[PDB]
């Protein structure tokens, strides 16, 4: 009965490709229902007009669940119904979690992206391609050391770890290169989940296969003995890294349960990285559709700011609308109601928890972009609970989305407000900070105006880090804040709209292909682990079809 049990009624992607004016020759199929679209679609429609861009985001995440993706597909079906040319772009899910805790649908209920099972697994192999690009580089680093260490690297400062797309704890901290002189140079490193890879990040912000080629070459792998940074470039790896990505580069065309054309392509981390689907997918989509709907990871404080300040900045996008999702269950949790008690109506809690969404809204304001709230409706979520909220959004447009349950017909109301927004409410999009400010000034501008901290503190380790980067010349880059998503602040316990608090950046990491990363805590969760009773244990496939994936 769950979102899986809606495996039913897909149209061959090939014809969809025609329903968009993609030529047959620009389609590399993967069976009938997955295909890869060439980057030629953009290059021949280079100068055509762009359709409108519709970033869906969410309020501060909670154990209550909200529903970005679900609402995003539903936003999409609904626009379909209204005879508009409308595409979605989503992120590809890591394989890892299918076997751990997760194993879920792209969206949900009646607003899903299909075929569900391929998307979760080996899809079109975009992640294996990231994986090999990463590990090849790692290999070249180590081989070089084996080969006499011409570049005079300090093995002890390699910051290039290896990658794999499984929840594997036991690979977090490892020692390689043992066995003697035949078998490499001993050093300490680890693995991270593939999707966390700088290479996954580059895929997602590259203009094209040559932009990818360059960004790879910019990547720092570690430093030499007299502190001079070695690069992917220095190791002549970038060419090979690109070859491995020859196909990953192209976006994947798929569909909605309601046959609405979808791209899913790329999938970065939302803290350590910016957490948007790829730029290739969205700029391509813009030329095939009048209305593109896309999303970002975590809450609008992280995903959206990074959407605007990273993704739009680089790609010359000018977001026209922005939806923000919220649930009643969730806000009550922001009001301080435990996860056990969500069943009960609590109009006073929802009133207090609303402060969260209220801040988020002010932040979408701050970007010169037309906000609109959307509530994913729930079985427990009552009429006085909804009414209390609907009026509480007395500041910016609100609608209810019965999507998870009613399909495109349930996000019919919601899509109206958006289209009314896009016709009557023009945009004035502008990045929050300026790329010539100070790493600190930049962080500060994110902390105060977006989160609402009074100020920012820095550790000893954080300053000699910053120092080095400014003076290594990497100070002109944007800032991608690695912090807990569960609060505006870096204190996860502090839900709602916390006031009179500061932000402390413990460390600073570089991503030379892209931008600058300031961690707030152990965001060190770049490799999660399997649970006591993992899903692998119960996954099976009989003499035909799958139980429990």
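Numbering follows the first chain given and starts at 1.
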- prompt: Taking only the CA atoms, which stretch has the higher mean B-factor in the record, 92 to 100 or 221 to 229?
  reply: 221 to 229
task: Higher average CA B factor in the deposited record is what I'm after, so tell me if that's 386 to 394 or 290 to 298.
output: 386 to 394
task: Among 483, 506, 32, 46, single out the one with the highest C-alpha B factor in the record, please.
output: 46
message: So if I compare the CA B-factors in the entry for 303, 268, 180, 109, which one is the largest?
response: 109
- prompt: Of the three thirds of its chain by CA temperature factor, lowest, middle or highest, which one includes residue 113?
  reply: middle
- prompt: When the modelled residues of the chain are sorted by Cα temperature factor, does residue 149 land in the lowest, middle or highest third?
  reply: lowest
message: Considering every modelled residue of the chain and its Cα B-factor in the PDB entry, is residue 161 in the lowest, middle or highest third?
response: lowest
message: Where does the C-alpha B-factor of residue 36 rank in its chain, lowest, middle or highest third?
response: lowest
message: Where does the C-alpha B-factor of residue 190 rank in its chain, lowest, middle or highest third?
response: lowest
